[PDB]
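**Q** To start, I am sharing the structure in question, which I have written as structure tokens.
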Amino acid sequence: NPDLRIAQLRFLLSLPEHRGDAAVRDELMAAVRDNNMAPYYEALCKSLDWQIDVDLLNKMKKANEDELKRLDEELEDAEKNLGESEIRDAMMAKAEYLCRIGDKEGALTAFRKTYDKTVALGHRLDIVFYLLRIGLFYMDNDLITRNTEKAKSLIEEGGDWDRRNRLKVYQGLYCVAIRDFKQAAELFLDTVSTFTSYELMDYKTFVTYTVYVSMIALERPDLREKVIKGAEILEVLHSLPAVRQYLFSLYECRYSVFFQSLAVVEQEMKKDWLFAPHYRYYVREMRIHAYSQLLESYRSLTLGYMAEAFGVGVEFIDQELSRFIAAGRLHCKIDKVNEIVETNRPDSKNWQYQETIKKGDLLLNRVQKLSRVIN
Amino acid sequence: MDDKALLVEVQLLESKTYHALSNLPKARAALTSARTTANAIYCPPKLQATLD
Amino acid sequence: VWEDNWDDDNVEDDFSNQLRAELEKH
Amino acid sequence: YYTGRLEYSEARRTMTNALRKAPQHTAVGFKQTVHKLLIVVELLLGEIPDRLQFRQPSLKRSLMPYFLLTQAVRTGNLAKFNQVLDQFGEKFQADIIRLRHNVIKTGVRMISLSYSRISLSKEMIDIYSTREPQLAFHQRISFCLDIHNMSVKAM
Amino acid sequence: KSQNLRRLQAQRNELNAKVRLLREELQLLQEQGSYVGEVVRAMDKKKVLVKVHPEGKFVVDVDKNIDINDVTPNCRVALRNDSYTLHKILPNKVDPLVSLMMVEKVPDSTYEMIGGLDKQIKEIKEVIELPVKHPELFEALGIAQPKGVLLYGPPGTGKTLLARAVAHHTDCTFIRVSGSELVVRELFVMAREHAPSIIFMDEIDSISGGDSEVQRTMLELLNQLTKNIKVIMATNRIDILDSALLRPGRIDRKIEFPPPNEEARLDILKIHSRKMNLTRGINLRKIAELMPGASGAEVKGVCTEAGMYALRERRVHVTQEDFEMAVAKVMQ
Amino acid sequence: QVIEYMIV
Ligand SMILES: Nc1ncnc2c1ncn2[C@@H]1O[C@H](COP(=O)(O)OP(=O)(O)O)[C@@H](O)[C@H]1O
């Protein structure tokens with residue numbers, strides 16, 4: 001099932017000297033030494049990594065022509081007494097095998113080839129999962145979205161809601177990579193997760209991904225109780241105490257350990273390949289949601305009690321909160337006249353206005369990009 | 001013997017013993033199991049309503 | 001991505017600012 | 001665009017009129033400096049983060065200095081805008097108070113400690129409104145649709 | 001100015017054409033309404049032999065722009081507005097079998113979701129698409145023709161669904177003559193027209209000469225017989241039927257359906273459990289634990305009843321125990 | 001805005 005943790009390894013190796021060689025190097029070449037697969041694993045090492053030596057590469061290409069050569073005579077064998085289920089499965093030799101080649105033609109032009117001569121929807125969304133899931137490995141967003149609108153074609157009897165949840169996990173795992181943190185948590189949250197022994201779910205990851213994707217967009221009063229007093233996730237983060245003490249350090253206001261808990265997440269931001277403005281934006285919105293949670297209950301916030309939030313003192317809160325009100329996303333202001341921060345709340349009536357100036361402009365601009373002669 | 005001839009009632013009673021102190025190793029399992037074996041007999045409303 | 005981030009100027013993040021924060025206090 | 005090559009009131013409407021005709025035109029000269037120069041002038045009026053950095057990967061046309069000065073104003077201090085200016089020095093387009101203007105949009109609070117600190121009729125503060133304040137922006141899109149009629153006069 | 005003026009001419013002429021056919025539209029609708037009807041097709045100079053809807057016959061003409069050459073029988077379209085002469089063609093309007101397929105809508109599309117039968121599908125695909133899509137090795141192997149398959153098994157478990165599925169992987173057709181309610185020998189013509197076809201039967205003894213009569217009645221025409229039609233008979237027991245069918249080989253294939261064992265019932269209960277939501281983990285084996293004599297249906301029934309037993313508590317996830325009170329309910 | 005307030 002291309003491609004597994006080798007996606008994360010392919011990230012971690014090409015990640016800079018934050019992480020290079022030395023024992024992410026062997027587990028990568030445990031697959032490269034395994035699966036005998038030339039057409040990506042030379043394009044893998046091309047990226048500032050490794051060159052010829054050809055030492056693995058010869059019997060790698062040789063077993064590639066062994067399996068690739070022997071699969072062809074089932075495509076030419078499946079006419080004696082072998083129907084379209086067997087030309088089908090011969091194209092599954094070419095399809096699973098030429099999908100773990102990791103080529104975007106060897107898999108991609110085989111799947112539309114097996115989209116012809118095709119039995120019903122034990123296939124039509126079996127492959128469009130299996131095409132979507134390697135599209136995650138190659139992050140080609142057009143392939144993902146076209147597999148969504150090809151994958152909303154489940155009206156079989158398709159009200160197969162242990163296969164909607166496979167697609168719902170795929171939507172959550174993709175929409176966390178395209179900033180849509182609203183769609184990610186609930187989809188994840190209301191899923192439970194199970195996909196052929198959770199092999200793409202790769203759990204020891206999933207419920208964690210939920211409980212540190214939630215507090216971006218899942219609203220702090222509403223379903224955060226459904227996070228906390230929801231008896232489906234609390235017992236499986238019981239074995240995961242780090243994200244647990246990341247979770248109950250917001251609603252319990254013990255923030256001298258919460259910034260500690262968020263500094264952990266900024267060290268396990270390194271792992272996931274949906275990476276860079278996701279963790280910088282993520283720490284930004286954990287940070288801003290943490291400060292806005294504190295000062296909203298008070299009409300006046302003193303310097304000593306805001307210093308009590310960790311123990312950072314003054315200038316951390318001063319420069320940082322001045323950057324936040326420079327962004328204007330809280331309502332506070334660094335009233336150093338007394339060193340007591342004031343907070344009323346102008347509501348979200350203005351939120352819209354400010355939102356829609358930019359929004360409106362962008363929308364018209366798109367049309368302004370089109371509605372000239374170029375049509 | 002024949003399944004749950006009276007162990008619907010005994011299983012109800014030991015299901016009453018846990019909730020004095022205990023947790024989920026009974027809570028849903030033995031009670032719902034008593035209900036699964038409680039839709040296959042002539043039920044009086046004493047035993048069936050006590051199971052309700 | 002494709003929702004405009006800052007990612008500009010700022011020195012090493014809440015891990016290191018956490019580190020010199022608690023170290024500078026203590 | 002050549003008319004775009006002082007005033008800042010209409011450099012962005014001539015930026016919309018400018019950034020039209022280049023499917024694949026040149027690699028130096030005509031295609032290159034129109035985009036990056038005009039968005040630099042779009043920071044000479046003072047327009048900051050959210051059209052800048054994710055709009056960069058279309059061109060990527062040698063892409064160092066002008067973007068560096070855009071975040072050098074997006075932060076807004078003279079200390080590292082110095083080394084944007086003097087250490088580069090060849091960036092050209094020679095033709096300071098604007099990155100001063102950014103940080104003092106905040107204030108400490110408002111007055112700033114009896115009219116004195118440094119950082120380095122609608123009683124509301126300017127949120128929104130239901131009168132003259134938001135009306136101006138409103139009649140923006142209406143005007144746009146009216147100007148977009150031109151579409152009906154083309155077949 | 002003249003070019004723009006001719007653009008204004010295009011606008012004015014367009015609106016003037018709109019008012020043309022609106023004005024002669026309001027005088028136009030004072031004319032007649034064409035009839036409609038199926039036919040038995042023409043023979044001669046013009047010709048039709050129609051049968052119009054209320055009273056079913058006439059012989060009418062055809063207009064110059066109709067090209068009487070393609071208008072084939074049982075393809076209803078007419079226009080003999082008043083004098084009785086054709087104009088054009090309309091939506092074919094679903095021929096005969098389209099009727100007894102959509103009507104007896106009994107046959108439910110099925111494909112490959114058969115719950116753990118592989119010897120059975122190997123043997124039926126051995127004798128239902130090899131004699132259709134590869135006849136070449138039968139006319140060189142010395143085999144005459146395989147035709148006619150008897151599906152004997154318990155009520156449930158393989159009927160109306162295996163013969164459905166391998167009828168439509170092959171895209172053959174699936175004619176069912178189960179029952180004779182509303183309308184033998186005429187069905188053969190339809191099957192012949194379809195070119196390739198599959199005829200299916202009925203199995204009633206309990207859930208004198210019922211349908212073995214028609215069975216042979218079409219094996220008499222089928223034996224000497226425009227060749228890729230394959231009758232299928234499902235019965236509950238092989239011993240209950242006629243001694244005339246006991247004539248090897250009259251039934252070139254006697255496929256056997258057993259009641260499902262442990263793992264095949266975790267396969268069918270795996271699929272019907274793949275119809276709905278469950279939870280983070282089921283481990284479906286304990287339900288299959290008491291599978292003992294089960295039936296195909298006996299699995300779809302308990303999975304729907306487990307869904308309803310999750311529905312009774314207004315709950316949106318089918319837990320473990322709703323299966324246990326489903327299969328512990330249905331033991332009746 | 002009564003002067004200011006093309007659509008037809
Ligand atoms: N192996 C199986 N796979 C899928 N469905 C089955 C299986 N066995 C029985 N069924 C169920 O039986 C129903 C089809 O009825 P059928 O088996 O044709 O009746 P009969 O048992 O009288 O032949 C379907 O709803 C189907 O779910």
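The chains in the structure tokens are called A, B, ... from first to last as shown; in each chain the residues are counted from 1, and the ligands are counted from 1 in the order shown.
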Which residues of chain D are close to chain C, meaning at most 9 Å apart when you count only C-alpha atoms, and how do they look as a ChimeraX atom specification?
**A** /D:49-55,68,71-72,74-75
**Q** Could you pull out the residues sitting within 10 Å of ligand 1, using only C-alpha atoms and all ligand atoms, and write them as a PyMOL selection string?
**A** chain E and resi 106-108+110-118+151-164+202-204+207+234-236+257+259-260+264-265+267-272+294-301+303
**Q** Could those residues be written to a file, using N, CA and C atoms, as a short mmCIF file (atom, residue, chain, number, x, y, z; two decimals), in the first residue's frame?
**A**
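Contents of the output file result01.cif:
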```
data_model
loop_
_atom_site.label_atom_id
_atom_site.label_comp_id
_atom_site.auth_asym_id
_atom_site.auth_seq_id
_atom_site.Cartn_x
_atom_site.Cartn_y
_atom_site.Cartn_z
N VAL E 106 -37.33 -7.58 -9.35
CA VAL E 106 -36.74 -8.47 -8.36
C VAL E 106 -35.21 -8.51 -8.45
N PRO E 107 -34.67 -8.74 -9.65
CA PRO E 107 -33.22 -8.81 -9.81
C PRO E 107 -32.53 -7.54 -9.31
N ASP E 108 -31.71 -7.68 -8.28
CA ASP E 108 -30.98 -6.55 -7.72
C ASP E 108 -29.52 -6.59 -8.17
N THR E 110 -25.94 -7.05 -8.65
CA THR E 110 -24.95 -7.65 -7.76
C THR E 110 -23.66 -7.87 -8.52
N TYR E 111 -22.53 -7.66 -7.84
CA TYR E 111 -21.21 -7.77 -8.46
C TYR E 111 -20.21 -8.09 -7.35
N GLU E 112 -19.73 -9.34 -7.33
CA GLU E 112 -18.51 -9.76 -6.62
C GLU E 112 -18.62 -9.70 -5.09
N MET E 113 -19.72 -9.17 -4.54
CA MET E 113 -19.91 -9.11 -3.09
C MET E 113 -20.44 -10.42 -2.50
N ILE E 114 -20.33 -11.52 -3.25
CA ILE E 114 -20.77 -12.84 -2.82
C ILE E 114 -19.96 -13.25 -1.60
N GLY E 115 -20.66 -13.62 -0.53
CA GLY E 115 -20.03 -13.79 0.76
C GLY E 115 -19.29 -15.09 0.96
N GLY E 116 -18.10 -15.18 0.40
CA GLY E 116 -17.25 -16.32 0.60
C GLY E 116 -17.60 -17.54 -0.21
N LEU E 117 -17.82 -17.39 -1.51
CA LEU E 117 -17.99 -18.52 -2.42
C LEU E 117 -16.97 -18.33 -3.53
N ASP E 118 -16.02 -19.25 -3.64
CA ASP E 118 -14.99 -19.15 -4.66
C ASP E 118 -14.90 -20.38 -5.54
N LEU E 151 -28.70 -24.81 -9.79
CA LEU E 151 -28.17 -24.29 -8.53
C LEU E 151 -28.97 -24.87 -7.38
N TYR E 152 -28.48 -25.97 -6.81
CA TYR E 152 -29.17 -26.57 -5.67
C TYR E 152 -28.43 -26.20 -4.40
N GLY E 153 -29.17 -25.69 -3.42
CA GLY E 153 -28.64 -25.30 -2.14
C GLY E 153 -29.78 -25.02 -1.19
N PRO E 154 -29.47 -24.64 0.05
CA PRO E 154 -30.53 -24.25 0.99
C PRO E 154 -31.17 -22.94 0.55
N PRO E 155 -32.38 -22.65 1.03
CA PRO E 155 -33.02 -21.37 0.69
C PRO E 155 -32.23 -20.18 1.20
N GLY E 156 -31.77 -19.38 0.25
CA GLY E 156 -30.78 -18.37 0.56
C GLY E 156 -29.44 -18.78 -0.01
N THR E 157 -28.40 -18.07 0.43
CA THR E 157 -26.98 -18.43 0.41
C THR E 157 -26.33 -18.38 -0.97
N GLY E 158 -27.08 -18.56 -2.05
CA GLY E 158 -26.46 -18.35 -3.35
C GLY E 158 -27.38 -17.98 -4.48
N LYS E 159 -28.67 -18.09 -4.24
CA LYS E 159 -29.69 -17.88 -5.26
C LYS E 159 -30.07 -16.45 -5.63
N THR E 160 -30.40 -16.28 -6.91
CA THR E 160 -30.83 -15.01 -7.49
C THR E 160 -29.75 -13.94 -7.49
N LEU E 161 -28.56 -14.25 -7.04
CA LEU E 161 -27.46 -13.34 -6.79
C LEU E 161 -26.16 -13.83 -7.40
N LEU E 162 -25.89 -15.13 -7.37
CA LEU E 162 -24.78 -15.64 -8.16
C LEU E 162 -25.14 -15.63 -9.63
N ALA E 163 -26.34 -16.08 -9.97
CA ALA E 163 -26.77 -16.04 -11.36
C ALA E 163 -27.04 -14.62 -11.83
N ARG E 164 -27.24 -13.68 -10.91
CA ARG E 164 -27.28 -12.27 -11.26
C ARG E 164 -25.89 -11.71 -11.52
N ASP E 202 -37.30 -20.46 -10.75
CA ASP E 202 -37.90 -20.32 -9.44
C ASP E 202 -37.73 -21.63 -8.67
N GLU E 203 -37.88 -21.57 -7.34
CA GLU E 203 -37.41 -22.67 -6.50
C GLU E 203 -38.43 -23.17 -5.48
N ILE E 204 -39.72 -22.89 -5.64
CA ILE E 204 -40.65 -23.06 -4.53
C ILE E 204 -40.99 -24.52 -4.25
N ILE E 207 -40.16 -22.46 2.08
CA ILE E 207 -39.07 -21.56 2.44
C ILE E 207 -38.27 -22.15 3.60
N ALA E 234 -32.68 -22.59 -10.27
CA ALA E 234 -32.39 -22.70 -8.84
C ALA E 234 -33.50 -23.51 -8.21
N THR E 235 -33.13 -24.53 -7.43
CA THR E 235 -34.05 -25.33 -6.64
C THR E 235 -33.45 -25.57 -5.26
N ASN E 236 -34.31 -25.85 -4.29
CA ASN E 236 -33.80 -26.09 -2.94
C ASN E 236 -33.20 -27.49 -2.81
N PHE E 257 -24.44 -25.51 -3.51
CA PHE E 257 -24.29 -24.46 -2.51
C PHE E 257 -24.39 -25.09 -1.13
N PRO E 259 -24.49 -24.67 3.11
CA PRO E 259 -24.65 -23.61 4.09
C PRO E 259 -23.29 -23.11 4.55
N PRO E 260 -23.17 -21.83 4.89
CA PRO E 260 -21.84 -21.26 5.12
C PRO E 260 -21.24 -21.71 6.44
N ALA E 264 -16.70 -18.24 5.92
CA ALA E 264 -17.55 -17.68 4.88
C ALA E 264 -18.64 -16.81 5.48
N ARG E 265 -19.08 -17.13 6.69
CA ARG E 265 -20.06 -16.29 7.35
C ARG E 265 -19.44 -15.05 7.96
N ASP E 267 -17.22 -13.69 6.18
CA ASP E 267 -17.08 -12.93 4.94
C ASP E 267 -18.38 -12.25 4.55
N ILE E 268 -19.50 -12.97 4.61
CA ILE E 268 -20.77 -12.34 4.25
C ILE E 268 -21.20 -11.35 5.32
N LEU E 269 -20.95 -11.67 6.59
CA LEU E 269 -21.24 -10.73 7.65
C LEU E 269 -20.21 -9.61 7.67
N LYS E 270 -19.05 -9.85 7.06
CA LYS E 270 -18.09 -8.78 6.83
C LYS E 270 -18.60 -7.79 5.79
N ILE E 271 -19.27 -8.27 4.73
CA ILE E 271 -19.74 -7.37 3.67
C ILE E 271 -21.00 -6.62 4.12
N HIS E 272 -21.99 -7.35 4.61
CA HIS E 272 -23.19 -6.70 5.10
C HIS E 272 -22.90 -5.83 6.32
N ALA E 294 -26.90 -21.12 9.77
CA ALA E 294 -27.20 -19.84 9.14
C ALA E 294 -27.69 -19.93 7.70
N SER E 295 -27.84 -18.77 7.09
CA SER E 295 -28.28 -18.65 5.72
C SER E 295 -27.82 -17.32 5.15
N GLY E 296 -27.76 -17.21 3.83
CA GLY E 296 -27.33 -15.94 3.28
C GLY E 296 -28.13 -14.86 3.97
N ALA E 297 -29.45 -14.92 3.80
CA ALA E 297 -30.35 -13.95 4.40
C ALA E 297 -30.12 -13.79 5.89
N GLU E 298 -30.08 -14.92 6.60
CA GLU E 298 -29.87 -14.94 8.05
C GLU E 298 -28.71 -14.06 8.49
N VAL E 299 -28.05 -13.47 7.51
CA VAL E 299 -26.93 -12.57 7.77
C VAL E 299 -27.30 -11.13 7.47
N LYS E 300 -27.96 -10.89 6.32
CA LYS E 300 -28.48 -9.56 6.03
C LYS E 300 -29.54 -9.14 7.04
N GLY E 301 -30.35 -10.10 7.48
CA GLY E 301 -31.35 -9.83 8.51
C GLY E 301 -30.74 -9.37 9.82
N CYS E 303 -27.81 -8.14 10.30
CA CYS E 303 -27.04 -6.92 10.25
C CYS E 303 -27.96 -5.70 10.22
#
```
**Q** Excluding same-chain residues fewer than 3 positions from region 25-37 of chain B, what lies within 12 Å of it counting only C-alpha atoms, as an MDAnalysis selection string?
**A** (chainID B and resid 2:22 40:43 47:52) or (chainID E and resid 306 309 319:331)
**Q** Can you tell me, as JSON, numbers by chain, what residues are no more than 9 Å from region 10-18 of chain A when counting only C-alpha atoms, ignoring any on the same chain fewer than 4 positions away?
**A** {"A": [5, 6, 24, 25, 28, 44, 47, 48, 49, 270, 271, 272, 273]}
**Q** Record the distance separating CA of residue 97 (chain E) and CA of residue 187 (chain E), expressed in Å with one decimal.
**A**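 A separation of 8.8 Å between them.
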**Q** What residues in chain E have any atom no more than 6 Å from chain A when counting only C-alpha atoms, and can you write them as a ChimeraX atom specification?
**A** /E:111,274-277,280
**Q** Keeping N, CA and C atoms, export the residues of the selection given above as a CSV table (one decimal), in the first residue's frame.
**A**
```csv
chain,number,residue,atom,x,y,z
E,111,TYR,N,-22.5,-7.7,-7.8
E,111,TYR,CA,-21.2,-7.8,-8.5
E,111,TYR,C,-20.2,-8.1,-7.4
E,274,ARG,N,-20.1,-4.3,6.2
E,274,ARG,CA,-19.5,-3.1,5.5
E,274,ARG,C,-20.6,-2.3,4.8
E,275,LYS,N,-21.9,-2.5,5.1
E,275,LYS,CA,-22.9,-1.5,4.7
E,275,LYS,C,-23.0,-0.3,5.6
E,276,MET,N,-22.6,-0.4,6.9
E,276,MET,CA,-22.9,0.7,7.8
E,276,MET,C,-21.7,1.1,8.7
E,277,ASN,N,-22.0,2.1,9.5
E,277,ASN,CA,-21.0,2.5,10.6
E,277,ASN,C,-20.9,1.5,11.6
E,280,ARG,N,-14.7,1.9,16.6
E,280,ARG,CA,-13.2,1.7,16.5
E,280,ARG,C,-12.8,0.2,16.3
```
**Q** Contacts from chain A to chain D, 7 Å maximum, only C-alpha atoms: show me the residue list as a PyMOL selection string.
**A** chain A and resi 326+333-337+350+353
**Q** Based on the backbone DSSP call, show me all residues of chain C assigned helix (DSSP H, G or I), as a list in words.
**A**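 Secondary structure check on chain C, helix (DSSP H, G or I): residues 14, 15, 16, 17, 18, 19, 20, 21, 22, 23, 24 and 25 of chain C.
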**Q** For chain E versus chain D, which residues have an atom no more than 12 Å away, and what is each residue's nearest atom pair and distance in Å rounded to one decimal, using only C-alpha atoms, chain-then-number order, as a Markdown table?
**A**
```
| residue | atom | partner | partner_atom | distance |
| --- | --- | --- | --- | --- |
| E:4 | CA | D:153 | CA | 11.0 |
| E:7 | CA | D:155 | CA | 9.6 |
| E:8 | CA | D:153 | CA | 11.3 |
| E:10 | CA | D:155 | CA | 11.2 |
| E:11 | CA | D:155 | CA | 11.3 |
```
**Q** With N, CA, C and O atoms kept, could you save the residues just selected as a compact mmCIF listing (two decimals), in the first residue's frame?
**A**
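Saved as selection-v6.txt:
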```txt
# COMPACT_ATOMS: atom_id res chain seq x y z
N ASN E 4 -20.71 48.69 -36.39
CA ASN E 4 -21.50 48.76 -35.16
C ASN E 4 -22.99 48.85 -35.49
O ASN E 4 -23.82 48.26 -34.78
N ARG E 7 -24.14 45.48 -36.17
CA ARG E 7 -24.36 44.78 -34.90
C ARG E 7 -25.73 45.12 -34.33
O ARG E 7 -26.46 44.23 -33.85
N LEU E 8 -26.13 46.39 -34.40
CA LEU E 8 -27.49 46.78 -34.03
C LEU E 8 -28.53 46.16 -34.94
O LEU E 8 -29.65 45.87 -34.50
N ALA E 10 -28.18 43.13 -36.09
CA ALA E 10 -28.29 41.77 -35.57
C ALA E 10 -29.18 41.73 -34.33
O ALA E 10 -29.98 40.79 -34.17
N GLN E 11 -29.07 42.74 -33.47
CA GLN E 11 -29.92 42.81 -32.29
C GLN E 11 -31.39 42.98 -32.67
O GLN E 11 -32.27 42.24 -32.19
```
**Q** Could you check which of D:147, D:39, D:44, D:78 is closest to residue 6 (chain F), using only C-alpha atoms?
**A** D:147
**Q** Measure the distance from CA of residue 317 (chain A) to CA of residue 347 (chain A) in Å and round it to one decimal.
**A** 23.8 Å
**Q** Just asking: which residues within region 33-109 of chain E are strand (DSSP E) according to DSSP, as a PyMOL selection string?
**A** chain E and resi 61-62+85-86
**Q** Just give me the gap between CA of residue 67 (chain E) and CA of residue 80 (chain E) in Å, one decimal is fine.
**A** 15.7 Å
**Q** Which residues come within 10 Å of residue 15 (chain D), counting only C-alpha atoms, excluding same-chain residues fewer than 6 positions away, as a list in words?
**A**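 Neighbouring residues, sequence-local ones excluded: residues 1, 4, 34, 35, 37, 38, 39, 41 and 42 of chain D.
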**Q** Return as a count of residues only the residues belonging to chain A that are within 7 Å of chain C, counting only C-alpha atoms.
**A** 9
**Q** Considering only C-alpha atoms, return as a compact mmCIF listing (two decimals) with N, CA, C and O atoms, in the first residue's frame whatever protein or nucleic-acid residues lie within 12 Å of residue 5 (chain F), sequence-local ones (same chain, fewer than 2 positions apart) excluded.
**A**
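The resulting out_8.txt:
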```txt
# COMPACT_ATOMS: atom_id res chain seq x y z
N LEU D 135 -19.78 52.80 3.90
CA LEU D 135 -20.41 53.10 2.62
C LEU D 135 -19.40 53.20 1.47
O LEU D 135 -19.66 52.72 0.38
N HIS D 138 -18.38 49.81 0.39
CA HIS D 138 -19.55 49.18 -0.24
C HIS D 138 -19.69 49.42 -1.74
O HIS D 138 -19.61 48.49 -2.55
N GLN D 139 -19.76 50.71 -2.10
CA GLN D 139 -19.90 51.20 -3.47
C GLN D 139 -18.69 50.95 -4.37
O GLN D 139 -18.55 51.50 -5.46
N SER D 142 -20.04 47.54 -6.19
CA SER D 142 -21.16 47.93 -7.04
C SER D 142 -20.54 48.53 -8.30
O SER D 142 -20.87 48.15 -9.44
N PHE D 143 -19.60 49.45 -8.08
CA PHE D 143 -18.89 50.06 -9.19
C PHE D 143 -18.23 48.98 -10.07
O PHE D 143 -18.32 49.04 -11.29
N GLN F 1 -25.07 60.75 -1.72
CA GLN F 1 -25.40 59.38 -2.08
C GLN F 1 -26.77 59.22 -2.73
O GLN F 1 -27.04 58.14 -3.26
N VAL F 2 -27.62 60.25 -2.78
CA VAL F 2 -28.78 60.13 -3.67
C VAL F 2 -28.35 60.34 -5.12
O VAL F 2 -28.86 59.67 -6.03
N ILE F 3 -27.39 61.25 -5.36
CA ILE F 3 -26.80 61.34 -6.70
C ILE F 3 -26.05 60.06 -7.03
O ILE F 3 -26.22 59.50 -8.12
N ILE F 7 -27.56 50.27 -13.56
CA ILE F 7 -28.09 48.93 -13.35
C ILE F 7 -29.12 48.55 -14.40
O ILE F 7 -29.41 47.37 -14.60
```
